[PDB]
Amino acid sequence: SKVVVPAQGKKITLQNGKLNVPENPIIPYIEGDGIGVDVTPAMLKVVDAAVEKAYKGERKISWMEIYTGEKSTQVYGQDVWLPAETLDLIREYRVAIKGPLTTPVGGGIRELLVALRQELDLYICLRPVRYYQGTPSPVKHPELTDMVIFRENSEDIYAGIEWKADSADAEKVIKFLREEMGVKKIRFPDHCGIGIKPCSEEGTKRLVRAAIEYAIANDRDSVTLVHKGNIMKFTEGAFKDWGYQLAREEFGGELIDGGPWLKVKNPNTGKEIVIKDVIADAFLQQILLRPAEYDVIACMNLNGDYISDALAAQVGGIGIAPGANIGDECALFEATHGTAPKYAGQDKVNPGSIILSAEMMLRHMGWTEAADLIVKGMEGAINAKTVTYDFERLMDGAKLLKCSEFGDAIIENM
């Protein structure tokens, strides 16, 4: 309604599982709030330059601005933070990319990003974290990290099923729990908020199936189910058991003698993928002390939220970390950082995260050459120490660049 759908440009089609990408596809983008005003122009410019370089003018993207968050209230009216047509348009045009979003407090509006994820059933939150040589890191050996996080995105305590302390509703489910379910384990039943954590069989098998499949397709060495199953037996513990069960039943998993670990043979390279599990708090130590043991990681919503963030900080990538939200009908790639409003409009923040989510987008479209040119550009700029303020603070011998100038530096190292 306020989106101006591009004159040239053609819709991507989903021809039974497979994406059918034209040479001039229309790609929706949500600019983002705060520093989205800085990083999204830098990403449109380097993506455009990378497909110009790779396909020598044969392919072109027709970018289409759609709206969510704060810019949405400025376009449609004060009350509309998530327009219904943004949801239809992501679904229709199949892939989209976004900058950081603001959700308001004081209005009873739950996280707009989690609303997108659940409303479009984008059940895979894919977070790849690897070290880019030369980025300043807090740990001694960040180069030992090359993991890919498959975080379940549609259930867990993130579903948002909760009630306020002293509210009538909370009173009522605490009454049901104590009287009809006989729970004697609530220490203080009065002035008590209640949260519901659900974990289903379809929810975890569709996420784990995607993780094992990614390991076969990219012949990764292992898939680690991380969970806190010793304490949460029927949600987290069920996740781990449904994950091992699916590796056995669908991928022909075999005991690595005695168990619990399984072996899956890659149907293409002939190698064996270890399917293993580790408890979540011990995993938080293991990624620091033994990061070379792990590769593809499958976990639930909250655990994936924490694992992702801790892992991005150890390779020095809190501001260059990419992210994808993938469902069966569409996908939404994104800047994984926040809006940082203090710096907005100053052209100073790292455009790295949304640019690396744009290469994930391209790679997903099958435009691998363009995707490869962007990570070449990225490795070059960082190695040339021609970098933005967040990196330059920690580097000795670096040249300080603006957000936009680092965009040009990526195009220059392509």
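Sequential numbering from 1, following the sequence displayed.
As the entry records it, the average C-alpha temperature factor is higher for 27-35, out of 27-35 and 354-362. Taking the mean C-alpha B-factor of each stretch as recorded, 384-392 and 36-44 are not equal, and the higher mean is that of 384-392. The residue among 211, 274, 282, 173 whose C-alpha carries the highest B-factor in the deposited model is 173.
When the C-alpha B factors of 87, 340, 207, 296 are read from the deposited coordinates, the top value falls at 87. The entry lists a Cα temperature factor for residue 218 that places it in the middle third of the chain's modelled residues.
Ranked by C-alpha B-factor against the other modelled residues of its chain, residue 236 falls in the middle third.
For residue 69, the recorded CA B-factor ranks within the lowest third of the chain. Only modelled residues enter the ranking. Ranked within its chain, residue 183 lands in the highest third, by CA B factor from the PDB record. Residue 116: CA B factor in the lowest third of modelled residues in this chain (values from the PDB entry).
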